[PDB]
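Engineer: My sequence and its experimental structure, below.
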Amino acid sequence: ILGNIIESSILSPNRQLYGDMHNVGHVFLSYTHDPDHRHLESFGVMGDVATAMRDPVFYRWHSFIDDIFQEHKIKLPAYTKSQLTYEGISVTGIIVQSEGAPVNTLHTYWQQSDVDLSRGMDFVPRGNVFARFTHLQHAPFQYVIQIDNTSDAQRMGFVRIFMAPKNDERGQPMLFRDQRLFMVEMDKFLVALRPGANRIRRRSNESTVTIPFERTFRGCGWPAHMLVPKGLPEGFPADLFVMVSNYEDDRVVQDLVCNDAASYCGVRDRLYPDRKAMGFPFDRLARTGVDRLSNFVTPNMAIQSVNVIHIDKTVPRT
Amino acid sequence: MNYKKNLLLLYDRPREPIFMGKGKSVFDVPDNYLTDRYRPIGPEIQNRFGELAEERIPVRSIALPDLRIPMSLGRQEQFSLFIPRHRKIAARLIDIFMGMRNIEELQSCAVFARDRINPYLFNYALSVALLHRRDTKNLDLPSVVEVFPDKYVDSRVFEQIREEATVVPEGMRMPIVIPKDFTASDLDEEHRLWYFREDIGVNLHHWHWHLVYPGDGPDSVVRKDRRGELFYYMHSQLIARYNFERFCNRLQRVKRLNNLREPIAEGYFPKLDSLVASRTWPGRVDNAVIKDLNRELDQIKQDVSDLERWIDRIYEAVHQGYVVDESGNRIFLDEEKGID
Ligand SMILES: [Cu+2]
Ligand SMILES: [Cu+2]
């Protein structure tokens, strides 16, 4: 409700009262040079969806907005130990494997990609016109996850993978009150867990967070080449978290067009396939006596140190 | 009959009945001036206390104001100006000492009041009075440290003193070293600021501020020019001065509380004990939650969302550029007076 009020979509219950806060702020921030249109100038980049993310103030404005949503979030009861454990299910391990690199290591670098700008060059002579763009990229990788079942029965579970920095700005281990807001969603997908031990392999280019590299460079999703943060040349430390939640509670009543098909497209699908709050389990304050991710974790969760390495070099795309 | 000098004696040893004699003097108090407890042993009292002293101070019996409100706070209870009930009690006792016609009647009224009132409250109210009456200016009040060390010192040093004073004849006694940087260890980076937070001078400064600009009392004492702005400015210079110290201890500028719902990370254990209340200032654990208040005795029934509400009201008033009176009339937060 709050998101519709703040954006001010049509669905806002009272647009007279709560206004059109997000859109109008954008417009305000884009018009400081000509607020009464006496200089006949258009809006800055913040006034355009296409271009707004270019401006540093985009993050400042949206952080201001986030504080409002956070103000709602902290009112909700912490998730209980009951609410987090999946009884019988226990995750013992998660590792990341890349090609040619040590275990628990992600790799980023720069890449050059060509794109045909010919369909967009009005009144220029026809023919291929290639623009070469430089952009971040990571080396492909796979998660390996070990889950021990313990039921005699098959169990269905949502695998929810996030990643965050280990340390704050000052190189000090982060605490849950801060870390939870720094958790970046990396993947969410359904699995079937046989009784006893299960070994799940999940490639990076399967992430439900992303969309193929083909769709950026010649069904909404984050661009595949920005899955992994830059990291550092000396190595940047992160915490990788995974939770296996109970799908029998997370299941959504709707049945539409193998449950394991998790590619969600807002136009295609009438309802969002996970009853949990988006961002679960990090969207609330910790239950009493949890101070850090180490104390938060239930058995169906697991944590791994991961080193994110940046190499300042450029590859032609393979 | 230097009443002024004699009033200073009322600060000596606040928990000792007044008949035990202060410095080299004793008061000769009327028998109806003693408490119910000690009236029966009146004869014995005169013997030791009364006789051993150089100066004996006659107290004239007078008709006394209604001291119920100030007596309503217990002698072994704790006293806070932040709690409304206690502010109201203090305001009244202040009015009473302000309103005595005569410096002689102040002496007589205070002598009566003293062993029937909470010592902390007595110190506060009497002090505010002496600082504001025409007939008690230029008077050298004892530092609150000197008369209530229990609010300023590691509770561990009291038995060290008790012993030294009891075993050793005075001419031979060694000064007691007051511990420093004693409230926390190296594992709490906040301990680095002991010399700011736990310095008797700065805590005295905070105390003195509430002596000159009390929040409830007679108009004459409350209504100083621009006191609303001094409130802002003082609390503001503290943060400026506190952050200066932080930058000198490899810390960040201080961060506001984000909100009133999320835990407070930095706990604190003061290591102080009150000899008036014989109860501690309980520390706060790390990562503690602000909780809805239902303190029947303190007369505080207030939810966190009641505090959220005031803050909201205040922000609306700042954005509007005016506050609304109890009648509904607008008072503008202009450039001259808005901050006040
Ligand atoms: Cu926006
Ligand atoms: Cu203050």
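Structural biologist: That came in fine, so what should we check first? Residues are numbered from 1 along each chain as shown, chains lettered A, B, ... in the order given. Ligands and ions are numbered 1, 2, ... in the order given.

Engineer: In the stretch 201-340 of chain B, which residue sits nearest chain A?
Structural biologist: Nearest to chain A in the stretch 201-340 of chain B, going by C-beta to the nearest C-beta, is residue B:261, at a distance of 4.3 Å. No exception for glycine: its C-beta is placed from N, CA and C like everyone else's.

Engineer: Residue numbers of the stretch 201-340 of chain B in contact with chain A?
Structural biologist: Listed as neighbours of chain A in the stretch 201-340 of chain B under the rule C-beta under 8 Å from any C-beta of the partner chain: B:252, B:259, B:261, B:262, B:263, B:265, B:286, B:287, B:289.

Engineer: ranges for the helices of the stretch 151-300 of chain A?
Structural biologist: A:176-179, A:247-250, A:293-296 (DSSP state H, counting those that start in this stretch).

Engineer: so where do the helices sit in the stretch 151-300 of chain B?
Structural biologist: For the stretch 151-300 of chain B, the helices defined by DSSP H, counting those that start in this stretch cover B:157-167, B:194-197, B:200-212, B:219-222, B:227-247.

Engineer: Can you list the buried residues in the fourth one?
Structural biologist: To tie it back to what came earlier, the one meant is helix B:219-222. residue B:221 (16 or more other C-beta atoms under 10 Å in any protein chain shown).

Engineer: ok, now how distant is the nearest residue to residue A:247 once chain neighbours are set aside from residue A:185?
Structural biologist: Leaving aside its chain neighbours, residue A:247 sits nearest to residue A:156 (3.8 Å; criterion: C-beta to C-beta, 6 or more residues apart in numbering or on different chains). Distance, residue A:156 to residue A:185, by C-beta to C-beta, to the nearest Å: 20 Å.

Engineer: With residue B:138 instead?
Structural biologist: Distance from residue B:138 to residue A:185, by C-beta to C-beta: 71 Å.

Engineer: can you tell me if stretch A:77-96 touches chain B.
Structural biologist: No - with C-beta under 8 Å from any C-beta as the criterion, chain B is not reached by stretch A:77-96; the gap is at least 10.2 Å.

Engineer: In CSV, could you pull the C-alpha coordinates for that stretch?
Structural biologist: Only the C-alpha atoms of stretch A:77-96 are listed here, as CSV (Å, rounded to 0.1, in the frame of the first residue of the first chain):
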residue,chain,number,x,y,z
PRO,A,77,7.7,-8.2,14.6
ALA,A,78,11.1,-9.7,14.1
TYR,A,79,10.9,-13.1,12.4
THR,A,80,10.8,-15.8,15.2
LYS,A,81,13.2,-18.8,15.4
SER,A,82,10.1,-20.8,14.5
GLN,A,83,9.4,-18.7,11.5
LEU,A,84,12.9,-19.1,10.1
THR,A,85,13.8,-22.8,10.7
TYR,A,86,12.7,-25.5,8.2
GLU,A,87,12.3,-28.4,10.5
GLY,A,88,14.3,-31.4,9.2
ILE,A,89,16.2,-29.2,6.6
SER,A,90,19.8,-28.2,7.4
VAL,A,91,22.3,-26.5,5.1
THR,A,92,25.8,-27.5,6.0
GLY,A,93,27.7,-25.6,3.2
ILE,A,94,27.8,-23.3,0.2
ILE,A,95,30.8,-22.6,-1.9
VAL,A,96,31.4,-20.8,-5.1
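
Engineer: quick one: buried residues of it?
Structural biologist: Buried residues in stretch A:77-96 (16+ other C-beta under 10 Å): A:79, A:83, A:84, A:85, A:86, A:88, A:89, A:90, A:91, A:94, A:96.

Engineer: ditto for stretch B:98-109
Structural biologist: Going by neighbour count (16+ other C-beta under 10 Å), the buried part of stretch B:98-109 is B:98, B:100, B:103, B:104, B:105, B:106, B:107, B:108, B:109.

Engineer: now residue A:192, which residues is it bridged with?
Structural biologist: Residue A:192 forms beta bridges with residue A:156, as assigned by DSSP bridges.

Engineer: thought it was touching residue A:154?
Structural biologist: Yes - if you go by C-beta atoms under 8 Å, residue A:192 and residue A:154 touch, sitting 6.1 Å apart.

Engineer: who's more crowded, the two?
Structural biologist: Using other C-beta atoms under 10 Å in any protein chain shown as the criterion, residue A:192 and residue A:154 rank with residue A:192 on top: 14 against 10.

Engineer: what sits against that one?
Structural biologist: A:154, A:155, A:156, A:260 (C-beta atoms under 8 Å, 6 or more residues apart in numbering or on different chains).

Engineer: For residue A:270, give its distance to residue A:260.
Structural biologist: Using C-beta to C-beta, residue A:270 is found at 19 Å from residue A:260.

Engineer: just to revisit the earlier point, ok, the residues of the stretch 201-340 of chain B next to chain A vs residue B:8, which is closest?
Structural biologist: Using C-beta to C-beta, residue B:286 is the member of those that lies nearest residue B:8, at 43.8 Å.

Engineer: Assumed residue B:323 was part of a helix.
Structural biologist: No - applying DSSP: H, G, I helix; E, B strand; the rest coil, one finds residue B:323 to be strand, outside a helix.

Engineer: is it in a bridge, and if so with what?
Structural biologist: When bridges are called by DSSP bridges, residue B:323 pairs up with residue B:331.

Engineer: Surely it touches residue B:331?
Structural biologist: Yes - assessed by C-beta under 8 Å, residue B:323 is found in contact with residue B:331 at 5.2 Å.

Engineer: So which of these two has more stuff around it?
Structural biologist: Taking neighbours as other C-beta under 10 Å, residue B:323 and residue B:331 compare with residue B:323 leading, 16 against 12.

Engineer: check contacts around that one.
Structural biologist: Listed by C-beta under 8 Å, 6+ apart, the contact set of residue B:323 reads B:317, B:330, B:331, B:333.

Engineer: what about 7 Å?
Structural biologist: When contacts are counted by C-beta atoms under 7 Å, 6 or more residues apart in numbering or on different chains, residue B:323 touches B:317, B:331, B:333.

Engineer: The last one against residue B:321, yeah?
Structural biologist: Yep, that's residue B:333 we're talking about. Yes - counting by C-beta atoms under 7 Å, residue B:333 does reach residue B:321; the two are 5.5 Å apart.
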